[PDB]
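Novice: take a look and give me a structure for this.
(2 chains)
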Amino acid sequence: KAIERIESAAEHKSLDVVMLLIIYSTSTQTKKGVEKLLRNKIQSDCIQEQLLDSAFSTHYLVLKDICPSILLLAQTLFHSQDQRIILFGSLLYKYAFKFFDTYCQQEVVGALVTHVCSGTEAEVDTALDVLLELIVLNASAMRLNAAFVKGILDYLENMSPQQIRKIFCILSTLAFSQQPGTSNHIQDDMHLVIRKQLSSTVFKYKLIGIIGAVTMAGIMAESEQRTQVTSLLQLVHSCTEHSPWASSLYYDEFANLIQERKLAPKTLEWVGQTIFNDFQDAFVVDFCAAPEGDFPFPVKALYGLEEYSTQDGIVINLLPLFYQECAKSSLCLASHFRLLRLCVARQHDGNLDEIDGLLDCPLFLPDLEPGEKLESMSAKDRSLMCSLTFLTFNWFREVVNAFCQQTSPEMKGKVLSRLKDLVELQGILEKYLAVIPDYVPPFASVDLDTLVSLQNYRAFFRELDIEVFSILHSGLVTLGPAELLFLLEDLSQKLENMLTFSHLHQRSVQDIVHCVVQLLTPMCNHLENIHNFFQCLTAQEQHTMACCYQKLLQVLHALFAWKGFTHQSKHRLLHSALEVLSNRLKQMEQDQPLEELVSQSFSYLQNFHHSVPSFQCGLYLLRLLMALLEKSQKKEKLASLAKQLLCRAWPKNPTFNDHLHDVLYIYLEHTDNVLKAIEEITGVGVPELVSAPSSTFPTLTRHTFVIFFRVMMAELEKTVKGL
Amino acid sequence: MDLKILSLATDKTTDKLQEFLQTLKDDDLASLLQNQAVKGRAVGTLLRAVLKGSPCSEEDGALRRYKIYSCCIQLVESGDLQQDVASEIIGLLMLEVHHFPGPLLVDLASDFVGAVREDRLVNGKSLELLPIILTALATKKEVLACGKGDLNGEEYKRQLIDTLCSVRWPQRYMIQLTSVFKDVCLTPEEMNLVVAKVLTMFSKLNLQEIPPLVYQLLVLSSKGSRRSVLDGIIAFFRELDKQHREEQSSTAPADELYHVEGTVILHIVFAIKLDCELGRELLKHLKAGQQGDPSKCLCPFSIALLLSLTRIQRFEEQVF
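Specialist: Residues are numbered from 1 along each chain as shown, chains lettered A, B, ... in the order given. Next comes the structure:
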């Protein structure tokens, strides 16, 4: 009971975690009681990594006799959704493994292996994350129990692409820790299954070999080293080459292994030679504007930059290739581009000069642009215009991935236009979707899924990396609004998945947070200021910038709502992000206390309100400000901000209703005695029936009233049980 | 000759490839035994060219592949090949073994059965084909031309497997023989045979080679019949315990027998942990019930097993 009281103060110390583990292991009646309390504590944003840390680092000796319960805690904690509990359940397993007896470490590995094989979605991801971290913490002990980890291999058929990558990463890392150059238990058998997987007709089982084999080779890449790796990689390319599904995968799995691990420039320059030739061969043709063959469409070479010479060689072969496949490889175009793109980049220090013509390329395509005049001319033609728009969209989706990092200002110009062509392409893509319904499977896959319409097309896009977000550095215009939103929307979808996808998840969270502070703040601070001046001073201009205004206030919010800012270390990251929000005026002190930085930021964001176009943009601003306060008057400021949202004039759906409840919830919660704000709604709540069944301080109707009253009541009851 | 086959992998199928094949016929042994020894990667693409120059839509290509395959199997297990080369060879075999016609597949898998009789393989690496071989047979339900005909792909598959149960399994390779049945889909009758035969061989192994063998038997049962797998393992040690209790009343033995049982147990408790039906099959098997049984049911070993199972959370209460 002494522990549950302090849940009203979130700062209670580490000794509380140690004591809860002791109480848990005492008797079965305390078990179920503790267990719920521990879950309600973790969902209270309390008992975080930080506390479990100091609890274990100091107290491990005391906790050595509590082990089997600690492991029983891990279990029943692991078995819930809401990863927060699963994480803490995993942090138990790990801190166990860390300081503890062998027999304890034998079961930990076993318990984790099980969660992997028979577990659920999250359970398996989290279990394989800890099993990785265990090798980092203690490898030599990790390898002694490896016999259990191998058992995982037998369950491979049930796993995802992410985890197959995760599982081989572990087994091969163990195999090479034992001895370099030799072959032992793990090495051989994981070579065995890799063979038996590649040789299946069914793609599901090739997926296992293709990923597992490229991962091995990837790890053993750090004369006998290169020949082993090479023979392993060629055995993959011979199995994967017959099906355009498989070969595109192998090219993406190869594109992974090159950008992640740091290999020998001599091993990199070996497998690199084939890639440049293979690519020009399959996809690259000269500028004859008349391609060979009969296509009942006006096939031209479409949308180069035209700053690239009209008289000249290079054009991509898309249509003639995609047409021949349909009637009787062109799906490997994007995958091969990424691979080649990373091969040159890694052998050149990042100079793409040799490939730079690829960003200037047109493609051989029928006009995809409108289907508007051509509407209601369909069947084969409508499935062809959809995927041709699609395939191209992915090309220029991958090309922006290549050249976003390049130095030269002309090279940044060449990307910025691919950004507009990426914008127009995406409008043209959804033109064909709302038109050709439900009969439209794609010709490619995404994130390996399992075996299209509006909702799904989002997922069939390729992956933009965060380096692409460095395009955000430039300004706006009366990089325009259309391209800004395009980036801002990808960012928000990324920061939802991280701080609240493959290449994303395959780099550490910290990196993504560190970069997103630079990449955004002293950019958006400039971008935001342009949006405000605009909303202070047309059909699409409004619609688009009012959206960019949201995506900004959604992104900024997602950064400071980062639940990892509670940790000591992240204070430096926070100090930066907070002081980068510190300039309306200059910085008189370099080291200025966190408390002022909070309010300097807050005030800076508080005036932004009056420019906000929609009821939403007022909400996400509130939520942003509110996440700054949690870092550290301002409570009342928020009220007036929520007051205004329900007050001034604004230009049927649950959206509007839901955001109201979010505002009224913030309004009544942060203000002074609530009776005052409640009477206002009680006195001017009357005008509804009495005028023309709107009000002074409006947004009150049949449907808008019930929303008020719920928040009205609940808050009164909250203050009633308060005293 | 090598390069001239590299040109054929360039221009066109059939006439280019298959013309140069019919001209040789002499020997494929001396070339592969060596051209592997200079650079093993000269053999890798050697197979790719010769194999696509001998499809299954042409008998002269088919009947040649059969001789090719035979020659790729022998060497893998005969000479000492850098595993890198030996693997690559088998990988491509498994790769291209898909479209072999009914007649040839049976002939292929029957040469393994003949090799199983007496061979020093040094490599079960030959046996990696058997799993894919039999599953290819399972894909064709129509009579094949062999013998008297009147047999489907599944039946030959069944009859092929029955022959494998009858022949002597070499003491060295029975780990790999068994792990080969692990990659194949079985009928409930076929399973009890693979399991029972493997069991039948138990008392013919040195004790310490049993524990890893049990684990291999345990991973078969997941798709297979648990009761028998458990029944054999338990009753094998039950009879083995009796002999040890008889020497004690009439140190030397204790270090091996009781250590092995401690390894065997720890394996099947971890198997029950990954697979529950194996645990529920163990309990339903050991249920005392009628009182004549609990005398014949539980023994030192099966009890040590249950106590050890107490570690798993679910079965804890049921066991007690």
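Novice: which residues does stretch A:241-248 contact?
Specialist: Under the contact criterion Cβ atoms under 8 Å, 6 or more residues apart in numbering or on different chains, stretch A:241-248 has outside partners A:203, A:206, A:210, A:237, A:239-240, A:325, A:329-332, A:334-335, A:444-445. For every residue, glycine as well, the C-beta is placed using N, CA and C.
Novice: the same query, at a cut-off of 6 Å, please.
Specialist: Here stretch A:241-248 makes contact (Cβ atoms under 6 Å, 6 or more residues apart in numbering or on different chains) with A:203, A:206, A:240, A:329, A:331-332, A:335.
Novice: output these in CSV; the columns should cover secondary structure and distance to residue A:601.
Specialist: As requested, these are exported to CSV (DSSP: H, G, I helix; E, B strand; the rest coil; distance: Cβ to Cβ, whole Å):
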residue, secondary structure, distance to residue A:601
A:203, helix, 51
A:206, helix, 52
A:240, helix, 52
A:329, coil, 53
A:331, coil, 48
A:332, coil, 48
A:335, helix, 43
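Novice: closest residue of the stretch 351-500 of chain A to chain B?
Specialist: Across the stretch 351-500 of chain A, no residue is closer to chain B than residue A:451, which sits at 19.7 Å (Cβ to the nearest Cβ).
Novice: I misspoke; the intended subject was chain A.
Specialist: residue A:199 (3.8 Å).
Novice: give me the nearest residue to that residue, chain neighbours excluded.
Specialist: Leaving out its chain neighbours, the residue that sits closest to residue A:199 by Cβ to Cβ, 6 or more residues apart in numbering or on different chains is residue B:94, at 3.8 Å.
Novice: what helix or strand is that neighbour on?
Specialist: Secondary-structure assignment from DSSP states H and E places residue B:94 in helix B:83-96.
Novice: using CSV, list the CA coordinates for that helix.
Specialist: Coordinates of the C-alpha atoms in helix B:83-96 are reproduced here as CSV (Å, rounded to 0.1, in the frame of the first residue of the first chain):
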residue,chain,number,x,y,z
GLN,B,83,33.0,-28.1,-48.3
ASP,B,84,32.4,-24.9,-50.4
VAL,B,85,32.6,-27.0,-53.6
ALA,B,86,30.8,-30.0,-52.3
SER,B,87,27.9,-27.9,-51.1
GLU,B,88,27.6,-25.9,-54.4
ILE,B,89,27.4,-29.2,-56.2
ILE,B,90,24.5,-30.5,-54.1
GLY,B,91,22.8,-27.1,-54.0
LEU,B,92,22.5,-27.1,-57.8
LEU,B,93,21.3,-30.7,-57.9
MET,B,94,18.6,-29.9,-55.4
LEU,B,95,17.9,-26.8,-57.5
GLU,B,96,17.5,-28.7,-60.8
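Novice: name the helices or strands packed onto that helix?
Specialist: Under the contact definition 3 or more Cβ pairs under 6 Å, 6 or more residues apart in numbering or on different chains; DSSP states H and E, helix B:83-96 sits against helix A:224-240, helix B:41-52, helix B:59-78.
Novice: show residues contacting the second one.
Specialist: What it means is helix B:41-52. For helix B:41-52, with Cβ under 6 Å, 6+ apart as the criterion, the contacting residues are B:5, B:9, B:35-36, B:88, B:92, B:96.
Novice: and of those, the nearest to chain A?
Specialist: When the contacts of helix B:41-52 are ranked by distance to chain A (Cβ to the nearest Cβ), residue B:88 comes first, at 5.9 Å.
Novice: what does chain A put close to chain B?
Specialist: Contact residues of chain A with respect to chain B, defined by Cβ under 6 Å from any Cβ of the partner chain, are listed as A:114, A:117, A:154, A:195, A:199, A:231, A:235, A:239.
Novice: just checking, residue A:623 touches residue A:556?
Specialist: No - assessed by Cβ atoms under 6 Å, residue A:623 is found out of contact with residue A:556, at 9.7 Å.
Novice: which one of those two is surrounded by more residues?
Specialist: Taking other Cβ atoms under 10 Å in any protein chain shown, residue A:623 and residue A:556 do not tie; residue A:556 has more neighbours (25 against 18).
Novice: counting neighbours, what do you get for residue A:479?
Specialist: Close neighbours of residue A:479, defined as other Cβ under 10 Å, add up to 18.
Novice: on the three-state scheme, it is what?
Specialist: Here residue A:479 takes the coil state, with states given by DSSP: H, G, I helix; E, B strand; the rest coil.
Novice: from what I can see residue A:517 touches residue A:577, true?
Specialist: Yes - counting by Cβ under 6 Å, residue A:577 is a contact partner of residue A:517 at 4.8 Å.
Novice: neighbour-wise, which of the two wins?
Specialist: Neighbours were counted for residue A:517 and for residue A:577 using other Cβ under 10 Å; residue A:577 has more, 26 against 19.
Novice: give me the neighbour count for the residue lying closest to residue A:205 once chain neighbours are set aside.
Specialist: When the adjacent residues along the chain are set aside, residue A:205 lies closest to residue A:197, with 5.5 Å between them (Cβ to Cβ, 6+ apart). Neighbours of residue A:197 under the rule other Cβ under 10 Å: 22.
Novice: check residue A:587 too.
Specialist: The number of residues packed around residue A:587, counting by other Cβ under 10 Å, is 12.
Novice: ok so residue A:251 is a helix residue?
Specialist: Yes - the assignment for residue A:251, made by three-state DSSP, places it in a helix.
Novice: which SSE is residue 16 in?
Specialist: All of this refers to chain A. According to DSSP H and E, residue A:16 maps onto helix A:15-26.
Novice: the chain in question should be chain B.
Specialist: Per DSSP H and E: residue B:16 is located in helix B:15-22.
Novice: relative to helix B:41-52, how tilted is that helix?
Specialist: Interaxial angle of helix B:15-22 relative to helix B:41-52 (axes from the mean of the first three to the mean of the last three Cα atoms, to 10 degrees): 110 degrees.
Novice: in helix B:15-22, what's buried?
Specialist: Under the neighbour-count criterion of 16 or more other Cβ atoms under 10 Å in any protein chain shown, helix B:15-22 has B:16-18, B:20-21 buried.
Novice: again, but for stretch A:215-232
Specialist: Neighbour counts over stretch A:215-232 (16+ other Cβ under 10 Å) mark A:215-221, A:225-226, A:228-232 as buried.
Novice: what about the residue of the stretch 351-500 of chain A closest to chain B, distance to residue A:441?
Specialist: 11 Å (Cβ to Cβ, to the nearest Å).
Novice: before we move on, what about residue B:294?
Specialist: Relative to residue A:441, residue B:294 is positioned 61 Å away (Cβ to Cβ).
Novice: quick one: end-to-end length of stretch A:256-268, please.
Specialist: Across its full length, stretch A:256-268 reaches 13 Å between end residues, using Cα to Cα, to the nearest Å.
Novice: which other residues reach that stretch?
Specialist: Against stretch A:256-268 from outside (Cβ under 6 Å, 6+ apart): A:214, A:218, A:221, A:226, A:342, A:346.
Novice: now those as TSV including secondary structure?
Specialist: Rendered in TSV, the data for the contacts of stretch A:256-268 read as follows (three-state DSSP):
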residue	secondary structure
A:214	helix
A:218	helix
A:221	coil
A:226	helix
A:342	helix
A:346	helix
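Novice: and chain B, which of its residues are near chain A?
Specialist: Taking Cβ under 6 Å from any Cβ as the measure of proximity, chain B contacts chain A at B:84, B:88, B:91, B:94-95, B:219, B:273-274.
Novice: of those residues, which is the nearest to residue A:10?
Specialist: Sorting the residues of chain B next to chain A by how near they are to residue A:10, with Cβ to Cβ, puts residue B:273 at the top with 38.4 Å.
Novice: show me the contacts for that closest one.
Specialist: Counting by Cβ under 6 Å, 6+ apart, residue B:273 touches A:114, B:312.
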